[PDB]
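K.L.:
Chains as they are written, first to last, in the UniProt record's numbering: chain Y, 2 to 149; chain D, 914 to 1010; chain U, 1299 to 1346; chain L, 530 to 673. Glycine is no exception: its CB is placed at the ideal position from the N, C-alpha and C atoms.
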Amino acid sequence: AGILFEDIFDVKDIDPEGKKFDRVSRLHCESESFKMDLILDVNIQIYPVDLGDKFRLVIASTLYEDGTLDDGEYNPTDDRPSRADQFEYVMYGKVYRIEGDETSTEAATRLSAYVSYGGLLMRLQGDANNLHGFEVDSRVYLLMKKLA
Amino acid sequence: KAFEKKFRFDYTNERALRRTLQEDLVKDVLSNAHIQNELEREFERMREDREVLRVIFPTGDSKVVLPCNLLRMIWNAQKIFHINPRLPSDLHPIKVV
Amino acid sequence: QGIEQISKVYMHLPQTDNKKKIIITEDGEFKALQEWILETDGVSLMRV
Amino acid sequence: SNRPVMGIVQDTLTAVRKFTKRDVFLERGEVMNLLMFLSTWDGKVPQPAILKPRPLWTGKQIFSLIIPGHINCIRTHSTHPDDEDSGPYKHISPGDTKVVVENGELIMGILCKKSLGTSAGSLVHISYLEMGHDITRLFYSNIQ
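1) For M986 of chain D, which option in L:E631, L:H620, L:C641 and L:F548 has the closest C-alpha, if you only look at C-alpha atoms?
2) Looking at the secondary structure, which residues open and close the alpha helix (DSSP H) in which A544 of chain L lies?
3) Which class does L594 of chain L belong to by DSSP, given the choice of helix, strand or coil?
4) Any chance you could list the beta strand (DSSP E) runs of at least 3 consecutive residues sitting entirely within the region 26-53 of chain Y, in chain order?
5) Would you check if the region 12-32 of chain Y and the region 101-119 of chain Y touch, i.e. whether three or more CB-CB distances between them fall below 8 Å?
6) Between the beta-carbon of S568 of chain L and the beta-carbon of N671 of chain L, is there less than 8 Å?
7) Could you tell me which of Y:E136, Y:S26 and Y:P82 sits nearest to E100 of chain Y, measuring between CA atoms?
8) Going by other Cβ atoms of all chains shown within 10 Å of its Cβ, with 16 needed for buried, is residue 156 of chain Y buried or exposed?
9) For a contact meaning CB atoms closer than 9 Å, what does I99 of chain Y contact in chain D?
10) I need the boundaries of the beta strand (DSSP E) containing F1328 of chain U, first residue and last residue.
11) Under 8 Å between C-beta atoms, does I40 of chain Y make it to chain L?
12) At the 8 Å Cβ level, is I1320 of chain U part of the contact set with chain D, yes or no?
13) Within the same chain, show all residues whose beta-carbon is closer than 7 Å to that of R98 of chain Y, passing over the 5 residues directly before and after it, in chain order.
14) By Cβ distance, which residues of its chain are closer than 8 Å to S139 of chain Y, with the 5 residues on each side in sequence left out?
15) Between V942 of chain D and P1006 of chain D, how many whole angstroms is the CB-CB distance? I'm expecting something under 8 Å.
16) Between the C-alpha atoms of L594 of chain L and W570 of chain L, what's the straight-line distance to the nearest angstrom?
17) Taking the alpha-carbon positions, what's the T605 of chain L to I1320 of chain U distance?
18) Mapping DSSP to helix, strand and coil, what is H995 of chain D?
19) Are there three or more Cβ pairs, one per stretch, closer than 8 Å when the region 582-596 of chain L is compared with the region 547-559 of chain L?
20) Given this structure, state the Cα-to-Cα distance separating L1336 of chain U from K1318 of chain U, to the nearest angstrom.
21) Distance cutoff 8 Å, beta carbons only. Does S113 of chain Y sit that close to anything in chain D?
22) For the region 971-986 of chain D, list every residue whose C-beta sits within 9 Å of some C-beta in chain L, in sequence order.
23) Short of 6 Å in beta carbon distance, which residues of its chain neighbour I664 of chain L, apart from the five on each side in sequence? Order them along the chain.
24) Taking C-beta to C-beta, are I600 of chain L and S656 of chain L nearer than 8 Å?
25) Please go through the same chain and pick out, in chain order, the residues whose beta-carbon is closer than 8 Å to the beta-carbon of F566 of chain L, but skip the five residues on each side of it.
26) Rounded to whole angstroms, how far is the Cβ of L563 of chain L from the Cβ of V574 of chain L, which I believe are closer than 8 Å?
27) Secondary structure at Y669 of chain L, three-state DSSP: helix, strand or coil?
28) Within 10 Å of its beta-carbon, does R81 of chain Y have 16 or more other beta-carbons around it, so buried, or fewer, so exposed?
29) Can you list, in chain order, the residues of its chain whose CB lies under 6 Å from that of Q46 of chain Y, leaving out five sequence neighbours each side?
30) Please determine if the region 13-27 of chain Y and the region 623-637 of chain L are in contact, where contact requires at least 3 C-beta pairs separated by less than 8 Å.
31) So, helix, strand or coil for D128 of chain Y, using DSSP?
32) What's the gap between the Cα of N926 of chain D and the Cα of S105 of chain Y?
33) Going by DSSP, what residue range makes up the alpha helix (DSSP H) through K643 of chain L?
34) In the structure shown, what three-state DSSP assignment does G638 of chain L receive?
35) Would you mind reading off the limits of the beta strand (DSSP E) that contains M1309 of chain U?
36) From what residue to what residue does the alpha helix (DSSP H) around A929 of chain D run?
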């Protein structure tokens, strides 16, 4: 499978700070199941998103749904079955930071994982249990699909 | 107070030592007092160097020009060796000193 | 009264750290006291 | 002044600022055309930052290819607000105004005079101090 995280998120804000970039919008979202906060930069020009929209989000280490590493190289000719076919918005990025509420002694109950999808930033914050699959400097795919 | 809290090695806190170092290193640090004496000497000479820096820069300007960028070199080492900042390390304090 | 060769004397409080008086407090922090420093349009260093 | 004497200049500097803006997306043909001008390219086309609905690469990705070796650098764009570093979005800049080059890859921030200029601590200065004069030359040429 190689799915580090999966949930359904509901859009709460589209640009609380303001529309800083024309083709990129910062969605502030919440997940009902795991109660995870999400901040995500999305290319609204090709994938428009509106307030109150619900979407399934999947953060996976690979797209081949067989455990095979993607190698991080573009390969459009590949015909291997891919989990990206089921989803509408696919991004490839690198997790570059993992913050936590851990003190000098106690572990982290809450974790915040930061991913950079070629400049489009994502911040998945919530319970440390749900974010145990995130390791810094690890390539990761983000998969989004609107739900009616 | 901040200098002591940030630079004085704390070999008394077993929980913190477990969080930072591996179990064998924690045992070595806690068990024998020779390593503790070495760490205390390290902090003492650092305090002396702190007074020397106070004399050298009465204005308190911490910006200085030096040959090697230790912070960037540490960052380079972390990236090169894939140092995970979450797991406990296997770097032993007397080795550091 | 006064010293020769000194025409005018200006008294003012410095708003820059360099001219401020930096001391080390009991806690060990650097505190930049605002003190009265006066300059002159003439030079008599020994007498001043 | 222990800082680079030559840096990126008028057209290249303005265009790299625009290029490194967050919302720059390059199609496949544009990406290949730009890659044709990389003397140091390894020949491997990077995975696009966006794969669907269409494959799109970012100016940050292309500049990450431009950046030599695995240098690490932290800078701030000229329009960086001072309160962001104290705000809750310190490590996720709303304005993409914090430059973080990690492992030779530009992961966030807008490059400008502060990052590619003659100022000490610049990306080019770190490139010179890490990779050497030849690799920094290739860097200046590839950016331009």
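P.N.:
In brief:
1) L:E631
2) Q539 to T549
3) helix
4) 38-44
5) no
6) yes
7) Y:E136
8) Since the first residue of chain Y shown is 2 and the last is 149, residue 156 of chain Y is not available in this structure.
9) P998 and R999
10) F1328 to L1331
11) yes
12) yes
13) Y115 and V137
14) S62, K95 and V96
15) 6 Å
16) 7 Å
17) 30 Å
18) coil
19) yes
20) 12 Å
21) no
22) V978, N982 and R985
23) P597
24) yes
25) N671
26) Their Cβ separation, rounded to whole angstroms, is 11 Å, which puts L563 of chain L and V574 of chain L out of contact at 8 Å.
27) helix
28) exposed
29) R24
30) yes
31) strand
32) 10 Å
33) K642 to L645
34) coil
35) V1307 to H1310
36) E927 to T933
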